[PDB]
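Structure first, then comments.
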Amino acid sequence: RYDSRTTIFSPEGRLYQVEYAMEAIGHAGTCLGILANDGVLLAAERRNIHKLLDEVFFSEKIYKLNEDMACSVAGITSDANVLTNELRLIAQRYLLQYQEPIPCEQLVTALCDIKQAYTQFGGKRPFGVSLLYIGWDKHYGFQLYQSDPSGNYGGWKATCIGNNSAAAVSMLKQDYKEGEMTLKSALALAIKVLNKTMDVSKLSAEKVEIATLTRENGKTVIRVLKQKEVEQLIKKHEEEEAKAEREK
Amino acid sequence: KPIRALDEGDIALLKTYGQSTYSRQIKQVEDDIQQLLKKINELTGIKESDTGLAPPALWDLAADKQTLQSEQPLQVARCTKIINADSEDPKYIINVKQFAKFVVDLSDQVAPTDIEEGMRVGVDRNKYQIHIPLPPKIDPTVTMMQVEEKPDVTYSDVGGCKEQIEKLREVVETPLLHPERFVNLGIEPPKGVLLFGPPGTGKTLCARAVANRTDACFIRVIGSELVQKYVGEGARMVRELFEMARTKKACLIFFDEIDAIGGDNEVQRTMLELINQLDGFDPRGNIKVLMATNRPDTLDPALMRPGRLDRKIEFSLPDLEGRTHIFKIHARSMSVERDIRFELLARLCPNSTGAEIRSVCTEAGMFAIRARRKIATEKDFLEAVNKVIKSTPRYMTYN
Amino acid sequence: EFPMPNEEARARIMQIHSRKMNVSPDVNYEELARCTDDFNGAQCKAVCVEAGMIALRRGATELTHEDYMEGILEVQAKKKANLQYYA
Amino acid sequence: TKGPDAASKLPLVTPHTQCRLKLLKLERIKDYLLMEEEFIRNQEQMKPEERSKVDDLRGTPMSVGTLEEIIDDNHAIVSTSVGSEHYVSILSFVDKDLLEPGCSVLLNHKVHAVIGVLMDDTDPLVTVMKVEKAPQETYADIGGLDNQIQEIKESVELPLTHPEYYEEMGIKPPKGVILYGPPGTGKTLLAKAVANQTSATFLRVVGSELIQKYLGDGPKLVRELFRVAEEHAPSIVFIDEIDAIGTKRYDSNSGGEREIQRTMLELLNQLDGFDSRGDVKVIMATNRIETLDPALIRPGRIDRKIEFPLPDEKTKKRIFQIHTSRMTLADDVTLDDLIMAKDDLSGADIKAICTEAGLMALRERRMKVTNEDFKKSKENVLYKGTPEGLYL
Amino acid sequence: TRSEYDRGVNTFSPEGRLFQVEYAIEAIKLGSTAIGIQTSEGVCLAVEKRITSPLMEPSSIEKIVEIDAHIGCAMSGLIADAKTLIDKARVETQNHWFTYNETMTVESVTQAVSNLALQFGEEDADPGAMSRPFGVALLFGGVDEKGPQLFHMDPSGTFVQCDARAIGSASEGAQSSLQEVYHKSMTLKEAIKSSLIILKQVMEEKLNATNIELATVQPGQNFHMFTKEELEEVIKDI
Amino acid sequence: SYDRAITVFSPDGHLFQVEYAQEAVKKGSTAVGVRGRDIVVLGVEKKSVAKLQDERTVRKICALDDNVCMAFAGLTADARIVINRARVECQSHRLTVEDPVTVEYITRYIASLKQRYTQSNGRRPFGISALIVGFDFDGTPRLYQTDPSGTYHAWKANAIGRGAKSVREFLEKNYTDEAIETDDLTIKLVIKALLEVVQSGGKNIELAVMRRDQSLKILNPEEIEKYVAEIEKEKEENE
Ligand SMILES: Nc1ncnc2c1ncn2[C@@H]1O[C@H](COP(=O)(O)OP(=O)(O)OP(=O)(O)O)[C@@H](O)[C@H]1O
Ligand SMILES: Nc1ncnc2c1ncn2[C@@H]1O[C@H](COP(=O)(O)OP(=O)(O)O)[C@@H](O)[C@H]1O
Ligand SMILES: [Mg+2]
């Protein structure tokens, strides 16, 4: 059949290796990002915390790339690390060449060009990694982009990739009020999405990984939600859910 | 929004509400129509079969009563090994169709000489003794064994197989027409040839052409016939056809679709009988066998051994000149214009068998019929070859 | 072990397969044998058969060795390719 | 031979809009049916030696066998239905000229001498395989497939009607035609339409029906079917689902596979048996055309091959018009958004979409289907490609 | 079992045949017919356009191209493969005009083009080159010191002097016709009439202005491709 | 067999990988380009964004240079790569010869790049088809179509992507000399060609127009509704 090296074309025109790289992301941890009026956030699931992981870390799924850049990863760990290192490399190369933080579109296109080159030629397996870039620029303010192992990308305001990503994005689009969400509403929506999309009746703060990017006073600050902060957020959501169910 | 089951009130309202005033009458009339049709079909019935009674001018009723009482019914059986009768063991194995096999004696009417292995023996119903041999009396005008004396197709009709037709000419004519040349060259005349090539190449037609030229009668035998119901006495079939060929003058035996026969108990009887009628029959006869099937290997290995079928003629898909000749041959029998570019059509159908060519001509005729024109045009042939052959890519990268 | 007929074995095979045809002594089996390099057994029988066939093709011209020569040329390779792009 | 016993074919009522004209036409048909039943019943009421002795000579009961050989004018080789065959006599009263290998001779129960011949023997299977009531579907009920309908009419209708063109051009009428395409395209509907408009005997066959358990019953059934078709000439044989027996020929090991191969070789032989000039044509339909034997579809056996592609946009809208021609649609239903959506909608899919839209309308206690009902129905009935984003 | 020798160009068949090169040869039969005739007064090239759509711009379909003012070209095969072959031919002609400052003969032109061809099975392809045989047949015509000259180039890299050669989907029929309709002292005008006659006889569609491109090279004038009006004048006679 | 090898000829002389790459364009989205007396237009079928995708970065029509534009169909990533290479080559050609790149030159470069990507193993062919439009510096209307095989052709009005055959027949039946007399007539022609396949109108349609050297502005979503309203007005006018 036509399931050999990626540089092959099915008679119907499909790139089967690229398609398998697509469908492989469904095995990765669920991560989503939402665009709010005055902030952006990345919510990711810690699928593997058994009992004895040191948690010596800043974020596993979320990776900071530049003083204005942050992204979440979903795919094979090796390709994840390679893509993140290349992201840092290209961002700093743009900063050196132009003395300006790299735009989100430009960096995303650079990474996607690399990924396409990894499926265009050479007999090399495509990067089985899908990304969710978060950042700010003077060109378009706050932007969210969802990458793709095929080398495609798209500008989104709400997107979930990983396991159960289809249902998560479906309910998210069913429950997204564009242009009228602050950071708090976006955080609550992300918590509700993670509740509905993960296989736990009461998800813990350990399984949740949230990082928020916000531009304030001339500079953009990227911070991951501390343990106390994320615990307070999830408890606020569970009391909101309790209020909703008792009212019903 | 939960679906709500249609309540009885909703069912009642929805049924009547908006409806034709005539709708009730229409439905009743249609139902009555169906009931009336059923009633007619019930009251016609009982159509009389009227079995095959001849007019009373032919009924000798007393004689039929006497033949009913006297004439015994004999079951039909297939005989088998003679078990060395020689008047000391007058017994034979006979297989009474699906009933059973038995070992039976003769009858006073019959003699040992006309009973051997393999023919149809009429055994009785008590002792099962063979009471009359019933030769299949096949001589089959009701089925295959074409038995065509001088086929209408001639040397001009066959087109393209020039090398093939020349090899066939040699083998089945130079001994047949000039026996003295083979005699004075000290070589037995070619015992036969196996005409192998892809199906539809026309090997049958080329054989019939040489048959018409030799003025020797052409015998075509199918294999599926004696694979299907007429199995068993196929040995006697080929026995009697070879016999009548001996009675006949110079002949041309031709086995097509023989792959079915070659590819086996009664079948094995058929080819060992033809071994007896080819090796045992002197190879000097004028009953030359013309073997022909697509398969060059499925034939039993004991068949092409020397002293038997000696050469093989490899038919191949017609070339450009062959294809245009076939096109002209098939279009001669059609109402077309006189300026049809048959070379163009031959070019447009590469690697196309002769059957595909005749189908292309037929489709051109149908296309001409479609526009209700009595004469087929070149455009019709172009559309026909576009339809049959090929059952942007070749126009945008090649040029 | 059955070895490939060497030269005189080739001649012997040619001879054996040609005793039923009215072949004259004008022929030279030894030359045909030394022209049967790489030939193996049944190939020589095909040589004899084809030689007889063209002896008929020449017009039933019995008593010929040139037919044996041409037969040695054609045998299995009787089809002549006529293939382009070969210098 | 007796001519074509076509279907009943009650006259079609044209309005179909539940109006007075429909009532008039239906009442007229009912009136004619009533005067037919009156006549048949009253003529049943009004007005009332050698044959008995020949019945006595025949005896009781009389077995039915198939003639296979005739040695002399007073002896033959009949075969009972079991499979056994006997050398039996022919009594005088049996009309000889009707005796032809393959008939149905009537045999005495004891000493199975031929005492008569049965013109009509058709076994229950081949009898039900014959169409009696023409299907209500018609070419008007077929949307699109103009080329397909045109080809089928050229194949099984033009030789039946005025055929002078076929021999005027010198080409043979197309012996047999096969329809292929994805499931639900219209292969069986186009055969129903042919049966509705035919003037010849139509023989519907399931294909898998021909196979029978007992040895020799399969080829016998096929032989009887085509013998009926010829004897019922002109006739049309519709072997639906030919792939049930039409699969690739392979060497057989088990007895059942040998019987299956025997049945198909019999079918192929009998397809070869009749001349193309004969007025018996075969029509075969399948979804897996590629899995058929490349000898049943030989140009010398089945020249035509009618393709049934998934309907295009205009054919889709034609089918939608046909299946919504009996609905009480509103003025808002565009019906164009549905045929827009680049999908693999077929005729069956469009019909199911219409039915589902009607069911949505019923679900809203309304009998007027709207665009929203069609919208939900299309998603409801469509089950189950390229990832979104690769191909723009 | 020819399949094992089918894959790849570096595999020899038991009959010693280069099957992939043979397939490249047969890939010419998918190109439109091109006819070139050699005459003492010059050489003419006639081709079949095979217009896919009346909307297409005819000038884009380049069956006949100019390698140099003194030489002409006709093509049948893959458009891409040809384009590379034509560019190499023009580049080599200009290289000869640079180094030797003379008009290089059409025989040397086809020699150089064949040198670019027949290089599929070579190790010099490391920087990047064709790993498969070129699938386009070349018809080279022009005038040189030996008078007018026509050369046909084989996808394997073989070239031969042909007095009248036809390549394309209809090489066999057009060549068979040219076999008996060609004559040595045939004039250029009657040669062009003969070429158009063969093209009409072999074309699938009727003969008009947009079905044929016509080129001619004579010792006096340079390479001339027949314009619309010249095509009408030469096609009204036929 | 002979299908899973880019540089292997089939027995019938087909490079089946190249044809498969060509067919992969048919799975894209319709894009029709028409050239007029003074205008060239690029009509594409825009995929309807569900609820969140930013249309600003789903660019289907992209400008290689100030004098050339192009619309692709068949693979977004390969399209992006060839777009970047095309603009890099346009800038390099303007560096080498200082005059703006003619449509023929950039089309030839794109075709040669795709060809060199379909002549060796380990290099998958660019599975897109491009419609190059623009004006040469002398002011002539030229439109070009590039095939994944690496070949290019000159078309007066061509369509690519899915349903390109139907739009092709529409243009064959409707491309007239007077149909391009004015810019509005060409716009009407291209809109009608698009609505032949994308029947909804309004949205799902993107147009870019090029008059004589003005740095084309893609028709923004304020007059596309106006232009389709004029189209409907004419449509009810003649019927
Ligand atoms: N062209 C058409 N116009 C109208 N209705 C159609 C059309 N094609 C199919 N249909 C509808 O599809 C239904 C089923 O079609 P049909 O029985 O002909 O399918 P088929 O192609 O023979 O399928 P299969 O081979 O899978 O049994 C019909 O009852 C009819 O209502
Ligand atoms: N060389 C030929 N010249 C004319 N007709 C041919 C030729 N070859 C095949 N045909 C056509 O093929 C049809 C029958 O083919 P047939 O001889 O049965 O094929 P096969 O080679 O399998 O025997 C005839 O109608 C005949 O006209
Ligand atoms: Mg069906």
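Those protein sequences? They're chains I, A, F, B, K and J, same order as listed.
Quick note, PDB author numbering runs 3 ahead of the 1-based positions in the first sequence.
All letters in the second sequence, in the order written, are residues 20 to 282, 292 to 419, 426 to 433 by PDB author numbering.
Quick note, PDB author numbering runs 352 ahead of the 1-based positions in the third sequence.
All letters in the fourth sequence, in the order written, are residues 40 to 87, 94 to 429, 433 to 440 by PDB author numbering.
Quick note, PDB author numbering runs 3 ahead of the 1-based positions in the fifth sequence.
Quick note, PDB author numbering runs 1 ahead of the 1-based positions in the sixth sequence.
Even for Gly, the Cβ is constructed at its ideal location relative to N, Cα and C.
By the criterion of a C-beta distance shorter than 6 angstroms, residue 223(I) is surrounded in its chain by 71, 139, once the five residues flanking it on both sides are discounted.
If you draw a straight line from the Cα of residue 364(B) to the Cα of residue 186(B), it comes to about 9 angstroms.
Taking non-hydrogen atoms of ligand 2 into account, the C-beta of residue 343(A) is found less than 8 angstroms away from one of them. A distance of 9 angstroms or more separates the beta carbons of residue 197(B) and residue 163(B). Judged by DSSP secondary structure, residue 264(B) falls outside any beta strand (DSSP E) and instead within the alpha helix (DSSP H) spanning 262–276.
Distances between the C-beta of residue 364(B) and the heavy atoms of ligand 1 include at least one below 8 angstroms.
In this structure, the C-beta of residue 413(A) stays at least 8 angstroms away from each heavy atom of ligand 2. At a cut-off of 9 angstroms, the C-beta of residue 200(J) has a neighbouring C-beta in chain B. By DSSP's assignment, residue 371(F) forms no beta bridge with any residue. Two segments are said to touch when three or more pairs of C-beta atoms, one from each, lie closer than 8 angstroms; by this definition the region 137–157 of chain K touches the region 36–55 of chain K. For residue 340(B), no beta strand (DSSP E) run applies, since DSSP gives it neither H nor E. Counting every other CB atom within 10 Å of its CB across the protein chains shown gives residue 40(B) a total below 16, marking it as exposed.
With at least 16 other beta carbons inside 10 angstroms of its own, residue 220(B) counts as buried. Interface criterion met: the Cβ of residue 427(A) is under 9 angstroms from a Cβ in chain J. In this structure, the alpha-carbon of residue 408(A) lies about 16 angstroms from that of residue 217(B). Listed in chain order, the positions of the region 175–194 of chain J with a beta carbon within less than 8 angstroms of a beta carbon of chain K are 176. Taking residue 126(J) as reference, the option from 107(J), 221(J), 79(J) with the minimal CA-CA separation is 79(J). Pairing residue 123(B) with residue 104(B) gives a Cβ-Cβ distance that is not under 9 angstroms. For residue 132(I), no chain B residue has a C-beta closer than 8 angstroms to its own C-beta; the minimum C-beta separation is roughly 15 angstroms.
For residue 78(K), the three-state secondary structure derived from DSSP is strand.
Between residue 222(B) and residue 309(B), the gap from beta carbon to beta carbon reaches 9 angstroms or more.
Residues whose Cβ lies closer than 7 angstroms to any heavy atom of ligand 3, listed in chain order: 232(B), 233(B), 285(B), 286(B), 330(B). Of the residues assessed, residue 119(J) falls on the buried side of the cut-off, its CB having 16 or more other CB atoms within 10 angstroms. One finds 432, 433 in chain A with Cβ atoms closer than 9 angstroms to the Cβ of residue 80(K), taken in chain order.
DSSP places residue 48(I) in the strand class (E or B) of the three-state scheme. For the 9 angstroms CB-CB criterion, residue 156(B) and residue 202(B) do not form a contact. In the DSSP assignment, residue 84(J) falls outside any beta strand (DSSP E) and lies within the alpha helix (DSSP H) extending over 77–98. With a beta-carbon spacing of about 6 angstroms, residue 67(K) and residue 50(K) fall inside the 8 angstroms limit used to define contacts. At least one heavy atom of ligand 1 lies closer than 8 angstroms to the C-beta of residue 368(B). The closest CA to that of residue 272(A), considering only 246(A), 319(A), 248(A), is found on 319(A). Remark: the C-beta of residue 240(B) is outside contact range of ligand 1, defined as less than 8 angstroms to any heavy atom.
Around the beta carbon of residue 100(K), a 10 Å sphere encloses fewer than 16 other beta carbons of the protein chains shown; the residue is thus reported as exposed. Here residue 419(F) has 403, 406, 407, 410 as same chain residues with Cβ atoms under 7 angstroms from its own Cβ, once five neighbours each way along the sequence are excluded.
Relative to the non-hydrogen atoms of ligand 1, the Cβ of residue 63(B) never comes closer than 8 angstroms to any of them. By the CB criterion at 9 angstroms, residue 107(I) and residue 66(I) fall outside the cutoff. With its beta carbon less than 9 angstroms from one in chain J, residue 155(I) belongs to the interface.
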